[PDB]
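Novice: Dropping the structure in here first, questions after.
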Number of protein chains: 4
Amino acid sequence: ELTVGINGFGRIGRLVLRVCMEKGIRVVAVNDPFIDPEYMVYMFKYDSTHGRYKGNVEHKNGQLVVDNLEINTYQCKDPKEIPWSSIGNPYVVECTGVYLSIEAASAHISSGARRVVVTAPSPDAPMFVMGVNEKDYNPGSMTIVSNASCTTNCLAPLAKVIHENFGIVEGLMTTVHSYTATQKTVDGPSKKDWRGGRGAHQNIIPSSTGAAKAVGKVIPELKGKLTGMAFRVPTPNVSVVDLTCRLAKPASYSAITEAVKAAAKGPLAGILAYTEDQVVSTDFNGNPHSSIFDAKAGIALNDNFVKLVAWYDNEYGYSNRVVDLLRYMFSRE
Amino acid sequence: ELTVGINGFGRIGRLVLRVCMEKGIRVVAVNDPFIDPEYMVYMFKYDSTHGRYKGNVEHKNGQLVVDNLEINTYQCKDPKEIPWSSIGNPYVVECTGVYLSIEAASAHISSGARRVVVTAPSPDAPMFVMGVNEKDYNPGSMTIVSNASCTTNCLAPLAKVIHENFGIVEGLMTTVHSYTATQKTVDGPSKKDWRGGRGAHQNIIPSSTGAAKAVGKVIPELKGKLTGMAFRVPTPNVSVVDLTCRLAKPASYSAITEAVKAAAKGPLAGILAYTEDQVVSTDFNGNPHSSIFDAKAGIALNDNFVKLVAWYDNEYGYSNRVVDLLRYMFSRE
Amino acid sequence: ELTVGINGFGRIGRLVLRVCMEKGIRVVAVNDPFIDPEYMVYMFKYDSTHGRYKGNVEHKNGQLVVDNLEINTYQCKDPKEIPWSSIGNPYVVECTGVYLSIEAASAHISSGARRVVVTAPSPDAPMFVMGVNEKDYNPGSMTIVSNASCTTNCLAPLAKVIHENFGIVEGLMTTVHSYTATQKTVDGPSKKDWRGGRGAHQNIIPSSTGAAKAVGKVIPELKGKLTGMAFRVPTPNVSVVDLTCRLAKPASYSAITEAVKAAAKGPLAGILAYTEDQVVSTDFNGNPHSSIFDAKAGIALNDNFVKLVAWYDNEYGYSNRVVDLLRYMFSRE
Amino acid sequence: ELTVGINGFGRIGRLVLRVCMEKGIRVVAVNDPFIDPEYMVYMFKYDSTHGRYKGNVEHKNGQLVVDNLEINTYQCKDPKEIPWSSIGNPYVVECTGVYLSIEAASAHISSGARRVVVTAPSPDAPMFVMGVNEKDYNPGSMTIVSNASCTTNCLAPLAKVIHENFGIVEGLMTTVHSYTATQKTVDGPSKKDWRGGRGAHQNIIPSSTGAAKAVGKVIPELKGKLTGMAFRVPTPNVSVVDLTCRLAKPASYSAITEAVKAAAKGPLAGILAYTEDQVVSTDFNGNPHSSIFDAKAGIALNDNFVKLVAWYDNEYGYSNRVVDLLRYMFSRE
């Protein structure tokens, strides 16, 4: 059926595997040049933020075995050398962060991948946010695709609802974001992101993200109407979007919440959720949604100028969307 | 000369004492119903975020002795019972957070305080931000005063510059704020701020603040043009203001930075500072400024819609302003 | 059958309720003077370290409703005024930390509690560690009992195995322990534990515990042979015991691990667990065991002098034991 | 006079530079293949744990300029290619962690370094702890030397005092240690230290250290009498030694503290310090001592079996000793 190969067994690769297991999608191979099979077992079995894997994990004859599913493993430094074609022609999830362009990722294709999903923004690959524009995917012309960013996946669904109901004249986004693997435990080297080299654990760290502007790629009507930035703070997971926007049509705060509520119950079900509870970040650790609107946290200056709040599990929600995109793409073959 | 009595030996009271020592202002008494003199020594001598006191601290004959300065100590539960009049008639810094109204704080006056500064917003007491409106202080009519909040003290100076140069049509503020003493180490009781009861250390915690709106009290032209909210995050000190505003007159980002730069060098010197360095929060721990503009962290969508970033040491900067206000008030007797 | 009333809805009270639900023990009432029913719902529904409650929680007609179980709620400041006798005569779990002595806790009895388990060490109430000395419980004479401390519950089972196999001549314990509700977010007041007032999140904090010595109360042969202390560190949950002991009979490290392994598989199953994996603290969050021996972390200088390591979820493991003690006590009526 | 070149501008290299400035030792060059001069300025100027550099730092003409001292900079990947001989023949501090053996470090020598101090334990280079065995240094035969580890530098001075006064029959050490640059922000790859790959900020992490055993290299009478291990915890700096030892001669706890006190006031002044205050870890951030004995934190089971506690700033204290070792070595030329 749908079969999946994963390149890179970092945080995304591992959670993607977990999600595939949960959604019953067959993973046929994992490739990582650095992480051997016995070590894969350990990294998958135990997880500091998401807990122990709820099934069984073992290594056998150079294979990763998860709940009796035997998964091939490779240690190729070059995508070109991965034998995708010898193990069916799976969809490939590209999680290394190193092959973002269509040209770079196309290496997978030449080695036998039927299609490729890049788990990061791409300079040129078509970008998709489930619930927003996946229907623009076209199998006739799109062999390599991007699932955008965790952040864009949180903001876009919310921007869609607000724009379609009220009209976003212009918006500026801040994401208060958990620290990540690219960061440092103590002040260390990060030569093209100096602030990002500073102790992740000790600091609030300003960061530049194209995540808000990129919404204009999945919602063309918003091109040039959004940008923003980030603060990385000392939490290990879960992040929050803080969107300040001016609306075309005037909207009471209650009209806004009612619109979001309706979207969550209906067309954006499973993508955008809604809460009125007095929640905090940990309440969304392990939440599969792309975006959870926080009604009570937001505030309006007036009917045309408002600040909207939405939570996202930047690891798990995004990983869930990657698998959702694979499934959708496959339904379109 | 100017003499100072301090009520409450919590974080603010202790740093205020430290600042008084640093600026050579004589503190004649500290009152706290709970913290005995020997314990005062310990709490003042050692500080997890601001380091050890750089001088000497001892207890002797029921007095706190700091760098040979003998300071009286009291343990009164009721301001009315504090013998201010018997030890000169000092200005009193009210740091308990419990006597915010003019009526409540007036207890100090009836017991002999010449004037009172409330180290928190007040329902009715006149509110002042040094560098913004202290000149509206009037000794003929104002015996009880408020130094506003740490947050308002960061935002107001910046809002002044932006408004006076370009005009703020409307603005929405978010402060990413370090956790505080009102918070909890683990999920515990906070019955009129449920989110604030959740583990401070584990969570990004949305919080409601009137700090942005209160800017309209010190800058009347901005009444009704500002509001905002907060996220409390797992850092012990230093916070950051994130102001999204629409400007009347169009302003390039460089025009904005040049205006702020000029204010810092001139009329707002010692209050508002300016940086273009790749800074993070810890870089401002122990900074005495009310607000440090971060040129490179901010971002503009266009000449009329911008997001501006300013740092503040919510403990030390504010404590410095409290003492500055005392000194100014005294210069006006 | 067995029915349970819980006094105090703090971390222990809440997890005890959770465990009772999990093990099918009927809780008939919760008393807390400060936490109202609607707030109880919130505190139980969401948990920063243990995640959302996996069932349903609502408030109705002054009752807490958990998975359709209607639970009475009270707000009595005095145990004497709690109507235990009016709702059957349940076993009472005393979790406030305020009524530790037999005399203080007996208030529950006079108001109708059939028996009382104090979830903390008691100056005089008989103390029990499941798997070690519960069989010494006697329903004829013991109406008020203590479940000791989390720490003692981790150390005692391990000490039992080591003593019975090899003989502990003497031992010194350090527990590296997560911060707790008694600690402070920032340097604040703690007049009979000065170090414990210091910022929990910023500091390694030495602490005095009678937990190791108290093992001599549940294992009489070890009276006078054990003591120790603690370091509180910036983790929200899960702790670790570090036991340095001299052995009577010489024991290779492999002999030691084999003994612990056998104990875990057999007589101490469900109390003591055993691992040889490369684990860290988060791997034991939500673990119900009293003690998980870490084979590879320990180290021996020689056959008679060794350092042994055992993990414990100081919240959940202990809460499980409280309920286990209730069940055992009931089987003895 | 004494001139110093530093290889590697990581945490140690930077603090060593800071210390050299403070103690008036001339640093003539810094080499780092990755960190360019402009970036060096930034990394030295700002420090998350130790605060901003208290002087001036600039880059000019490929030179690092600190308080008007012009320092050469190089970007050589191979020690052999560093022009030590062209800039006098300085002592070289080897801080990369990559050239630990006499053979590897000798590359510095062949390129003109007069002597080399390795800022880490070495498989074969003579190891020194200031205050313990520096007098065994011999310039006739020792061109390459090691300053041992931060941990060994904390334990050895304390062990010396205890052994010389009472006799250590055997001891087991635990160090509760702050996380370091080798650790990871979130669960990531660490193939020869699996536990050390786990999130540093979320976890208590058991770690194997030869630091206690290595004391037998600087105090020969203790060879085979000491070993231990570590727990890495979520603090950015400052660590603590927890030494459990059996004594030959019986010693009251007061006898022990009196011995340490006398050692600190006399022969080990500037190396070992002594406190009876209710201290916590942050109280020692920026402390230059190798070891600060904590009298009140320790505990004795009896006169021959005791647990002793000593703090160390694992970054700054060690860096100070490196420079002290350089100075001592030079006094011996």
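Don't overthink the numbers, they just go from 1 along the chain as shown.
Cβ atoms here come from the backbone N, Cα and C positions, even for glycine.
Among the features that Swiss-Prot reports, NAD(+) binding site is placed at A:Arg11, A:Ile12, A:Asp32, A:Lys77, A:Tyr99, A:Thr119, A:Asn314, with the record citing similarity to another entry. As annotated by Swiss-Prot, D-glyceraldehyde 3-phosphate binding site applies to A:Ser149, A:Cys150, A:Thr151, A:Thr180, A:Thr209, A:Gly210, A:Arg232, with the evidence given as similarity to another entry. Residues annotated as active site, nucleophile in Swiss-Prot, with sequence analysis given as evidence: A:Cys150. The site 'Activates thiol group during catalysis' annotation in Swiss-Prot covers A:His177. Look at Swiss-Prot and you will find A:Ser252 tagged as phosphoserine.
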Novice: Among A:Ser149, A:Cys150, A:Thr151, A:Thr180, A:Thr209, A:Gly210, A:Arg232, which the record lists as binding D-glyceraldehyde 3-phosphate, how far apart in Å are the two most distant Cα atoms?
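Specialist: 17 Å is the greatest Cα spacing among the residues binding D-glyceraldehyde 3-phosphate.
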Novice: Using only the Cα atoms of A:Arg11, A:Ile12, A:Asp32, A:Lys77, A:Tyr99, A:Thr119, A:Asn314, which the record gives as binding NAD(+), return the largest interatomic distance in Å, rounded to a whole number.
Specialist: 27
Novice: Given the recorded positions A:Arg11, A:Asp32, A:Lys77, A:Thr119, A:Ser252, A:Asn314, tell me which ones have a C-alpha lying within 10 Å of the C-alpha of A:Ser149 (D-glyceraldehyde 3-phosphate binding site).
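Specialist: Qualifying among A:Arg11, A:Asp32, A:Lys77, A:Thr119, A:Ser252, A:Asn314: A:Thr119, A:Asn314.
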Novice: Given the D-glyceraldehyde 3-phosphate site residues A:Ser149, A:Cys150, A:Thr151, A:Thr180, A:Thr209, A:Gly210, A:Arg232, which other residues of that chain have a Cβ within 8 Å of the mean position of their Cβ atoms, reported in sequence order?
Specialist: A:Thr175, A:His177, A:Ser207, A:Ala211, A:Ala230, A:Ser239, A:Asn314
Novice: Give the three-state DSSP assignment (helix, strand or coil) for A:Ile12 (NAD(+) binding site).
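Specialist: Once the DSSP labels are grouped into three classes, A:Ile12 (NAD(+) binding site) ends up as helix.
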Novice: Which residues does A:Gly210 (D-glyceraldehyde 3-phosphate binding site) neighbour through Cβ under 8 Å, counting only same-chain ones at least six apart?
Specialist: A:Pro121
Novice: Taking DSSP three-state, what's A:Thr119 (NAD(+) binding site) in: helix, strand or coil?
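Specialist: DSSP call for A:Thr119 (NAD(+) binding site): coil, neither helix nor strand.
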Novice: With a CB cutoff of 8 A to chain D, go through the recorded positions A:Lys77, A:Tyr99, A:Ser252, A:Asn314 and name the hits, or write none.
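Specialist: Of A:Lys77, A:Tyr99, A:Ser252, A:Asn314, none lie near chain D.
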Novice: Considering only the recorded positions A:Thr180, A:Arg232, A:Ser252, which fall within 10 Å of A:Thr119 (NAD(+) binding site) when distances are taken between Cα atoms?
Specialist: none
Novice: Identify which of the binding-site residues A:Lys77, A:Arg232 has its Cβ surrounded by the largest number of other Cβ atoms within 10 Å, counting every protein chain shown.
Specialist: A:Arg232
Novice: Between A:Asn314 (NAD(+) binding site) and A:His177 (site 'Activates thiol group during catalysis'), how many Å separate their Cα atoms?
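Specialist: So the Cα of A:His177 (site 'Activates thiol group during catalysis') lies 8 Å away from that of A:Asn314 (NAD(+) binding site).
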Novice: Around A:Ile12 (NAD(+) binding site), which residues of its chain at least 6 apart sit with Cβ under 8 Å of its Cβ?
Specialist: A:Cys95, A:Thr119, A:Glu315, A:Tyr318, A:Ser319, A:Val322
Novice: Work through the recorded positions one by one (A:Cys150, A:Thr180, A:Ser252) and name whichever has its CA nearest to the CA of A:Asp32 (NAD(+) binding site).
Specialist: A:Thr180
Novice: Can you tell me how many other Cβ atoms are located within 10 Å of the Cβ belonging to A:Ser149 (D-glyceraldehyde 3-phosphate binding site)?
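Specialist: So the number of other Cβ atoms within 10 Å of A:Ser149 (D-glyceraldehyde 3-phosphate binding site) is 23.
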Novice: Spatially, which candidate from the binding-site residues A:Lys77, A:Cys150, A:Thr151, A:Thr180, A:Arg232 is nearest to A:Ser252 (phosphoserine), comparing Cα atoms?
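Specialist: Answer for the nearest of the binding-site residues: A:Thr151.
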Novice: So what sits near A:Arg11 (NAD(+) binding site) in its own chain, CB-to-CB under 8 Å and at least six residues off in sequence?
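Specialist: Those within reach of A:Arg11 (NAD(+) binding site), by Cβ under 8 Å and sequence separation of 6 or more, are A:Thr180, A:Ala181, A:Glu315.
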